[PDB]
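Structure first, commentary second.
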Amino acid sequence: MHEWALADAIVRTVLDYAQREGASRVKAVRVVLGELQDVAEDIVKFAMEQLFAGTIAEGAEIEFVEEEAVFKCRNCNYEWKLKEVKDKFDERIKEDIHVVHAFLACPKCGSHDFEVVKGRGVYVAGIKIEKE
Amino acid sequence: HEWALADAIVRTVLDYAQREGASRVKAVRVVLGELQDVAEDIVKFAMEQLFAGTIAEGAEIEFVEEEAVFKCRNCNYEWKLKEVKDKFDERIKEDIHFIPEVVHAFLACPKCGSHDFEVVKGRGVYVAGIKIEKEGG
Ligand SMILES: [Zn+2]
Ligand SMILES: [Zn+2]
């Protein structure tokens, strides 16, 4: 596992703060992840939520945010973002004479005529409210 | 294209608090399709504006993507994009020219060539914010 060590840190970081703050409960925790992380966020929630159990961090809304990736060159000082790199690479996959018919046709038969079972949908999967 | 999408939504939400006799809307989870080209931050911005002054004001709004799933109306075959996308990946990774071209495309600086660069924002996961409650005095 690569998502536990990630929750042990983030769960120790959160309980170290609340403790040195004399808090009665941790309500929310925002986490930022570099777009370079190959981890699955829901496993981290699984792990976090589980590690908070029986602590003042129980029932703490957990949000995740991505931290765009960027790097700098010491020798030229040219600073750049990941994206630039992807296109420079993608256009060397274009020299491979690569692909279109594959993304536009059912893999089983030649097809090329289909239906969108799940795709362009937009509903409200859930609402959290308060009553009396 | 959102001022509407966000309207059908605020209506569904605020309608739900009506037939429920709720005092406040805490959070809203919205599922969008990856085939829907809509700016997510706008819809959120538009939802917040429509929520201002109502009982849903300041409600956390999480967004969830709904993968695409196609059904061939010729052989009745269903398939998820991650199976046609992940394949170019598996067939592009095989090539000999890959591991060596991955290096020219990543471990390089477009500016010179170099191979010695430093990372600013990327690696690492860091707690950006922790909300608490205190009773000190
Ligand atoms: Zn450079
Ligand atoms: Zn088919």
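Going through the structure tokens in order, the chains are called A, B, and so on, while each chain numbers its residues from 1 and the ligands are numbered from 1 in the order shown.
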Taking only C-alpha atoms into account, find every residue of chain A that has an atom no more than 6 Å from chain B, and write it out as a ChimeraX atom specification. /A:23-34,36,69-74,85,89,114-131
May I have a table of the residues of chain A lying at most 6 Å from ligand 1, giving each one's closest pair of atoms and their distance in Å to one decimal, counting only C-alpha atoms and all ligand atoms, ordered by chain and ascending residue number, as a tab-separated table?
```
residue	atom	partner	partner_atom_place_in_ligand_line	distance
A:73	CA	ligand 1	1 (Zn)	4.4
A:75	CA	ligand 1	1 (Zn)	5.4
A:76	CA	ligand 1	1 (Zn)	4.3
A:77	CA	ligand 1	1 (Zn)	6.0
A:78	CA	ligand 1	1 (Zn)	5.2
```
Between CA of residue 90 (chain A) and CA of residue 107 (chain A), what distance in Å does the model show, to one decimal?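 Result for CA of residue 90 (chain A) versus CA of residue 107 (chain A): 23.1 Å, one decimal.
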Between CA of residue 48 (chain B) and CA of residue 40 (chain A), what is the distance in Å, rounded to a tenth?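 Result for CA of residue 48 (chain B) versus CA of residue 40 (chain A): 28.7 Å, one decimal.
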Just the residues within 9 Å of region 45-53 of chain A, please, counting only C-alpha atoms, with nothing from its chain fewer than 3 positions along; format it as a ChimeraX atom specification. /A:3-4,6-8,10-11,15,41-42,56-60,62
Apply DSSP to the backbone of this structure and, from chain B, keep only the residues in strand (DSSP E or B); write these as a PyMOL selection string. chain B and resi 24-33+60-66+69-71+78-80+117-121+125-134
How about saving the chosen residues, N, CA, C and O atoms kept, as a short mmCIF file (atom, residue, chain, number, x, y, z; two decimals), in the first residue's frame?
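Saved result, again_3.cif, follows:
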```
data_model
loop_
_atom_site.label_atom_id
_atom_site.label_comp_id
_atom_site.auth_asym_id
_atom_site.auth_seq_id
_atom_site.Cartn_x
_atom_site.Cartn_y
_atom_site.Cartn_z
N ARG B 24 -31.30 24.17 7.26
CA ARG B 24 -30.11 24.53 6.51
C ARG B 24 -29.56 23.40 5.65
O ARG B 24 -29.62 22.23 6.02
N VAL B 25 -29.03 23.78 4.49
CA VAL B 25 -28.43 22.84 3.55
C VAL B 25 -26.94 22.86 3.88
O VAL B 25 -26.30 23.91 3.84
N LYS B 26 -26.39 21.70 4.21
CA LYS B 26 -24.98 21.59 4.58
C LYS B 26 -24.05 21.39 3.38
O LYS B 26 -23.13 22.17 3.17
N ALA B 27 -24.28 20.32 2.62
CA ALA B 27 -23.45 20.03 1.46
C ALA B 27 -24.26 19.50 0.29
O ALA B 27 -25.37 19.01 0.47
N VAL B 28 -23.70 19.60 -0.91
CA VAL B 28 -24.37 19.11 -2.11
C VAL B 28 -23.41 18.35 -3.01
O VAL B 28 -22.39 18.88 -3.44
N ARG B 29 -23.74 17.09 -3.30
CA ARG B 29 -22.92 16.26 -4.16
C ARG B 29 -23.56 16.15 -5.53
O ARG B 29 -24.65 15.61 -5.68
N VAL B 30 -22.85 16.67 -6.53
CA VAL B 30 -23.33 16.67 -7.91
C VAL B 30 -22.47 15.79 -8.81
O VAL B 30 -21.25 15.91 -8.83
N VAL B 31 -23.12 14.90 -9.55
CA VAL B 31 -22.43 14.00 -10.46
C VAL B 31 -22.54 14.49 -11.91
O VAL B 31 -23.65 14.63 -12.43
N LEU B 32 -21.39 14.75 -12.54
CA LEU B 32 -21.35 15.21 -13.93
C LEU B 32 -20.68 14.19 -14.83
O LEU B 32 -19.80 13.45 -14.39
N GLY B 33 -21.08 14.17 -16.09
CA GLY B 33 -20.50 13.23 -17.03
C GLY B 33 -19.26 13.77 -17.71
O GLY B 33 -19.19 14.95 -18.05
N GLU B 60 -21.06 23.30 1.33
CA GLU B 60 -19.95 22.67 0.62
C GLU B 60 -20.48 21.93 -0.61
O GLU B 60 -21.41 21.13 -0.49
N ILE B 61 -19.88 22.19 -1.77
CA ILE B 61 -20.33 21.56 -3.02
C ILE B 61 -19.31 20.63 -3.69
O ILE B 61 -18.42 21.08 -4.41
N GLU B 62 -19.45 19.32 -3.47
CA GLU B 62 -18.55 18.34 -4.07
C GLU B 62 -19.03 17.91 -5.45
O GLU B 62 -20.23 17.75 -5.67
N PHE B 63 -18.09 17.73 -6.37
CA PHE B 63 -18.42 17.32 -7.73
C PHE B 63 -17.88 15.93 -8.03
O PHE B 63 -16.73 15.61 -7.73
N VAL B 64 -18.72 15.10 -8.64
CA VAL B 64 -18.33 13.74 -8.98
C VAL B 64 -18.55 13.46 -10.47
O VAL B 64 -19.62 13.72 -11.01
N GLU B 65 -17.52 12.94 -11.13
CA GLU B 65 -17.59 12.64 -12.55
C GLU B 65 -18.24 11.29 -12.78
O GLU B 65 -18.03 10.37 -12.00
N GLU B 66 -19.03 11.20 -13.84
CA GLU B 66 -19.72 9.96 -14.20
C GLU B 66 -19.09 9.46 -15.49
O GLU B 66 -19.39 9.96 -16.57
N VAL B 69 -19.89 5.20 -20.72
CA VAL B 69 -20.12 3.79 -20.98
C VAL B 69 -20.95 3.70 -22.24
O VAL B 69 -22.08 4.18 -22.28
N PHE B 70 -20.39 3.10 -23.28
CA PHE B 70 -21.09 2.99 -24.55
C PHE B 70 -21.66 1.61 -24.84
O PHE B 70 -21.13 0.58 -24.40
N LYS B 71 -22.75 1.60 -25.60
CA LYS B 71 -23.42 0.37 -25.98
C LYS B 71 -23.65 0.31 -27.47
O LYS B 71 -24.47 1.03 -28.04
N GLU B 78 -21.30 -3.46 -24.69
CA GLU B 78 -21.05 -2.34 -23.79
C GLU B 78 -19.58 -2.28 -23.42
O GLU B 78 -18.95 -3.32 -23.17
N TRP B 79 -19.03 -1.07 -23.36
CA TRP B 79 -17.63 -0.89 -23.01
C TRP B 79 -17.38 0.49 -22.41
O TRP B 79 -18.05 1.46 -22.76
N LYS B 80 -16.44 0.56 -21.47
CA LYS B 80 -16.10 1.82 -20.82
C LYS B 80 -14.82 2.39 -21.40
O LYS B 80 -13.85 1.67 -21.60
N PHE B 117 17.02 19.44 -13.37
CA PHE B 117 16.03 20.46 -13.08
C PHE B 117 15.50 20.21 -11.67
O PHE B 117 15.72 19.14 -11.11
N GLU B 118 14.81 21.19 -11.10
CA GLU B 118 14.28 21.09 -9.75
C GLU B 118 12.76 21.17 -9.78
O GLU B 118 12.19 21.82 -10.65
N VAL B 119 12.09 20.50 -8.85
CA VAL B 119 10.63 20.52 -8.81
C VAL B 119 10.09 21.49 -7.76
O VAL B 119 10.51 21.48 -6.60
N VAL B 120 9.15 22.32 -8.19
CA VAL B 120 8.53 23.30 -7.32
C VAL B 120 7.24 22.71 -6.74
O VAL B 120 7.25 22.20 -5.62
N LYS B 121 6.15 22.75 -7.50
CA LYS B 121 4.88 22.21 -7.05
C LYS B 121 4.62 20.88 -7.76
O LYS B 121 4.50 20.85 -8.97
N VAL B 125 2.04 15.51 -0.43
CA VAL B 125 0.65 15.70 -0.04
C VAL B 125 0.77 16.43 1.27
O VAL B 125 1.43 15.97 2.19
N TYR B 126 0.13 17.58 1.35
CA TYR B 126 0.23 18.37 2.55
C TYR B 126 -1.12 18.92 2.98
O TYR B 126 -1.88 19.41 2.15
N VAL B 127 -1.41 18.82 4.27
CA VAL B 127 -2.67 19.32 4.80
C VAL B 127 -2.71 20.83 4.61
O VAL B 127 -1.92 21.55 5.21
N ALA B 128 -3.63 21.30 3.79
CA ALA B 128 -3.73 22.72 3.51
C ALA B 128 -4.61 23.47 4.49
O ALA B 128 -4.51 24.69 4.60
N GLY B 129 -5.46 22.75 5.21
CA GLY B 129 -6.34 23.41 6.16
C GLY B 129 -7.08 22.46 7.08
O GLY B 129 -7.54 21.41 6.64
N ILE B 130 -7.19 22.84 8.34
CA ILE B 130 -7.88 22.04 9.35
C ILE B 130 -8.87 22.90 10.12
O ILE B 130 -8.47 23.87 10.77
N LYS B 131 -10.15 22.55 10.05
CA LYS B 131 -11.18 23.30 10.75
C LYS B 131 -11.50 22.64 12.09
O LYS B 131 -11.75 21.44 12.16
N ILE B 132 -11.51 23.45 13.15
CA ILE B 132 -11.77 22.94 14.48
C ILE B 132 -12.86 23.69 15.22
O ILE B 132 -13.55 24.55 14.67
N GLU B 133 -13.00 23.34 16.50
CA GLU B 133 -13.96 23.94 17.40
C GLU B 133 -13.29 23.94 18.77
O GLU B 133 -12.77 22.92 19.22
N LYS B 134 -13.29 25.10 19.43
CA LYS B 134 -12.67 25.23 20.74
C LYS B 134 -13.61 25.80 21.79
O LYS B 134 -14.56 26.51 21.47
#
```
Given only C-alpha atoms and all ligand atoms, how would the per-residue table for chain A near ligand 2 read, listing every residue at most 6 Å away with its closest atom pair and distance in Å to one decimal, sorted by chain and number, as a tab-separated table?
```
residue	atom	partner	partner_atom_place_in_ligand_line	distance
A:106	CA	ligand 2	1 (Zn)	4.6
A:108	CA	ligand 2	1 (Zn)	4.9
A:109	CA	ligand 2	1 (Zn)	4.2
A:111	CA	ligand 2	1 (Zn)	4.8
```
Store the residues picked out above, limited to N, CA, C and O atoms, as a short mmCIF file (atom, residue, chain, number, x, y, z; two decimals), in the first residue's frame.
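So the final result, stored in selection.cif, reads:
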```
data_model
loop_
_atom_site.label_atom_id
_atom_site.label_comp_id
_atom_site.auth_asym_id
_atom_site.auth_seq_id
_atom_site.Cartn_x
_atom_site.Cartn_y
_atom_site.Cartn_z
N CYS A 106 -16.91 0.56 -31.65
CA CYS A 106 -17.02 -0.53 -30.70
C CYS A 106 -15.90 -1.53 -30.92
O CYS A 106 -15.68 -2.00 -32.03
N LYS A 108 -15.57 -4.77 -30.10
CA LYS A 108 -15.98 -6.10 -30.55
C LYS A 108 -16.11 -6.14 -32.06
O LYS A 108 -15.27 -6.73 -32.74
N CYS A 109 -17.16 -5.54 -32.59
CA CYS A 109 -17.34 -5.52 -34.04
C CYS A 109 -16.76 -4.23 -34.57
O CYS A 109 -16.35 -3.36 -33.81
N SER A 111 -18.33 -2.02 -35.85
CA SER A 111 -19.29 -1.06 -35.35
C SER A 111 -19.14 0.29 -35.97
O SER A 111 -19.26 0.45 -37.18
#
```
Chain A: residues DSSP assigns to alpha helix (DSSP H), reported as JSON, numbers by chain: {"A": [5, 6, 7, 8, 9, 10, 11, 12, 13, 14, 15, 16, 17, 18, 19, 41, 42, 43, 44, 45, 46, 47, 48, 49, 50, 51, 52, 82, 83, 84, 85, 86, 87, 88, 89, 90, 100, 101, 102, 103]}
Write the selection just made, keeping N, CA, C and O atoms, as a compact mmCIF listing (two decimals), in the first residue's frame?
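Final output, part04.txt:
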```txt
# COMPACT_ATOMS: atom_id res chain seq x y z
N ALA A 5 0.53 4.99 4.32
CA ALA A 5 1.57 5.92 4.76
C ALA A 5 1.10 7.35 4.55
O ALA A 5 1.44 8.25 5.32
N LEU A 6 0.30 7.54 3.50
CA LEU A 6 -0.25 8.84 3.16
C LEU A 6 -1.33 9.30 4.13
O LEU A 6 -1.55 10.49 4.30
N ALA A 7 -2.01 8.35 4.75
CA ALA A 7 -3.07 8.66 5.71
C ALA A 7 -2.51 8.74 7.14
O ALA A 7 -3.07 9.43 7.98
N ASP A 8 -1.41 8.02 7.39
CA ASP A 8 -0.77 8.03 8.71
C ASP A 8 -0.18 9.40 8.93
O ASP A 8 -0.28 9.97 10.02
N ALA A 9 0.44 9.93 7.89
CA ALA A 9 1.03 11.25 7.95
C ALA A 9 -0.10 12.26 8.15
O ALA A 9 -0.17 12.92 9.19
N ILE A 10 -0.99 12.34 7.16
CA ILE A 10 -2.10 13.27 7.21
C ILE A 10 -3.01 13.09 8.41
O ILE A 10 -3.72 14.02 8.76
N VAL A 11 -3.04 11.92 9.03
CA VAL A 11 -3.89 11.75 10.20
C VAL A 11 -3.09 12.10 11.44
O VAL A 11 -3.66 12.42 12.48
N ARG A 12 -1.76 12.04 11.34
CA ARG A 12 -0.94 12.40 12.48
C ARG A 12 -0.77 13.92 12.47
O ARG A 12 -0.72 14.55 13.52
N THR A 13 -0.69 14.49 11.28
CA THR A 13 -0.55 15.93 11.12
C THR A 13 -1.78 16.66 11.65
O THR A 13 -1.67 17.73 12.25
N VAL A 14 -2.94 16.06 11.43
CA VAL A 14 -4.21 16.65 11.86
C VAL A 14 -4.45 16.50 13.35
O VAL A 14 -4.98 17.42 13.99
N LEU A 15 -4.08 15.36 13.92
CA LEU A 15 -4.29 15.16 15.34
C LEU A 15 -3.21 15.83 16.20
O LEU A 15 -3.38 15.96 17.41
N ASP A 16 -2.12 16.26 15.56
CA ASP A 16 -1.05 16.95 16.29
C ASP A 16 -1.44 18.41 16.43
O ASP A 16 -1.10 19.06 17.41
N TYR A 17 -2.13 18.92 15.42
CA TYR A 17 -2.59 20.30 15.41
C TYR A 17 -3.71 20.48 16.42
O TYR A 17 -3.60 21.27 17.35
N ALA A 18 -4.79 19.73 16.23
CA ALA A 18 -5.93 19.79 17.12
C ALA A 18 -5.53 19.65 18.58
O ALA A 18 -6.07 20.34 19.45
N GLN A 19 -4.58 18.75 18.86
CA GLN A 19 -4.13 18.53 20.23
C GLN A 19 -3.42 19.74 20.81
O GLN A 19 -3.70 20.14 21.94
N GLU A 41 -7.32 8.53 -4.34
CA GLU A 41 -7.87 9.30 -3.23
C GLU A 41 -8.94 8.66 -2.33
O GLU A 41 -8.96 8.94 -1.13
N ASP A 42 -9.81 7.81 -2.88
CA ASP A 42 -10.84 7.20 -2.03
C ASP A 42 -10.28 6.16 -1.07
O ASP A 42 -10.89 5.87 -0.05
N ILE A 43 -9.11 5.61 -1.39
CA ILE A 43 -8.47 4.64 -0.50
C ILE A 43 -7.90 5.42 0.67
O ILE A 43 -7.80 4.91 1.79
N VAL A 44 -7.50 6.66 0.39
CA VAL A 44 -6.93 7.54 1.39
C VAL A 44 -8.03 8.00 2.35
O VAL A 44 -7.79 8.18 3.54
N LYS A 45 -9.23 8.18 1.81
CA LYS A 45 -10.35 8.58 2.65
C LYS A 45 -10.68 7.35 3.49
O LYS A 45 -10.86 7.44 4.70
N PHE A 46 -10.75 6.18 2.83
CA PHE A 46 -11.02 4.93 3.53
C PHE A 46 -10.07 4.84 4.72
O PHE A 46 -10.49 4.62 5.86
N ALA A 47 -8.78 5.03 4.44
CA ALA A 47 -7.72 4.96 5.45
C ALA A 47 -7.82 6.04 6.51
O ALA A 47 -7.68 5.77 7.70
N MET A 48 -8.04 7.28 6.09
CA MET A 48 -8.16 8.39 7.03
C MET A 48 -9.35 8.19 7.95
O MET A 48 -9.19 8.07 9.16
N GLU A 49 -10.54 8.15 7.36
CA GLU A 49 -11.77 7.96 8.11
C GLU A 49 -11.60 6.86 9.16
O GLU A 49 -12.06 6.99 10.29
N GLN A 50 -10.92 5.79 8.77
CA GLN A 50 -10.69 4.67 9.67
C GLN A 50 -9.74 5.00 10.82
O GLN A 50 -9.95 4.55 11.95
N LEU A 51 -8.71 5.79 10.54
CA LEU A 51 -7.73 6.15 11.56
C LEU A 51 -8.23 7.22 12.52
O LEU A 51 -7.70 7.36 13.63
N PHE A 52 -9.25 7.96 12.11
CA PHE A 52 -9.82 9.01 12.95
C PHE A 52 -10.81 8.42 13.95
O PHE A 52 -11.08 9.01 14.99
N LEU A 82 3.95 20.81 -16.25
CA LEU A 82 3.91 19.46 -16.80
C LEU A 82 3.39 19.45 -18.23
O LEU A 82 4.07 18.97 -19.14
N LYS A 83 2.19 19.99 -18.40
CA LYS A 83 1.52 20.08 -19.69
C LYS A 83 2.45 20.25 -20.89
O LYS A 83 2.33 19.53 -21.89
N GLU A 84 3.38 21.20 -20.81
CA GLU A 84 4.31 21.43 -21.91
C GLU A 84 4.98 20.12 -22.29
O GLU A 84 5.08 19.78 -23.46
N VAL A 85 5.41 19.38 -21.27
CA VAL A 85 6.07 18.10 -21.44
C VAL A 85 5.19 17.05 -22.13
O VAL A 85 5.66 16.31 -23.00
N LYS A 86 3.92 16.98 -21.75
CA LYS A 86 2.99 16.01 -22.33
C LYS A 86 2.78 16.18 -23.83
O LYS A 86 2.73 15.19 -24.57
N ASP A 87 2.64 17.42 -24.29
CA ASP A 87 2.44 17.69 -25.71
C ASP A 87 3.70 17.41 -26.52
O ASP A 87 3.63 16.97 -27.66
N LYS A 88 4.85 17.68 -25.91
CA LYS A 88 6.13 17.44 -26.56
C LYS A 88 6.28 15.93 -26.75
O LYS A 88 6.91 15.47 -27.70
N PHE A 89 5.70 15.18 -25.82
CA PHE A 89 5.74 13.73 -25.88
C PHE A 89 4.62 13.19 -26.77
O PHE A 89 4.84 12.28 -27.56
N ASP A 90 3.43 13.77 -26.64
CA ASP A 90 2.30 13.34 -27.44
C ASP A 90 2.56 13.48 -28.93
O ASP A 90 2.07 12.69 -29.73
N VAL A 100 -7.46 6.69 -34.47
CA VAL A 100 -8.72 7.42 -34.57
C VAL A 100 -9.91 6.47 -34.65
O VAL A 100 -10.90 6.63 -33.94
N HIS A 101 -9.80 5.48 -35.53
CA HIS A 101 -10.85 4.49 -35.71
C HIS A 101 -11.08 3.69 -34.43
O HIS A 101 -12.17 3.18 -34.19
N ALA A 102 -10.04 3.58 -33.61
CA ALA A 102 -10.11 2.83 -32.36
C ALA A 102 -10.93 3.51 -31.27
O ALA A 102 -11.63 2.84 -30.49
N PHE A 103 -10.86 4.84 -31.20
CA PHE A 103 -11.61 5.59 -30.20
C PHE A 103 -13.01 5.96 -30.68
O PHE A 103 -13.78 6.56 -29.94
```
What is the distance, in Å and to one decimal place, between CA of residue 41 (chain B) and CA of residue 6 (chain B)?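 Computing the Euclidean distance for CA of residue 41 (chain B) and CA of residue 6 (chain B) yields 11.2 Å.
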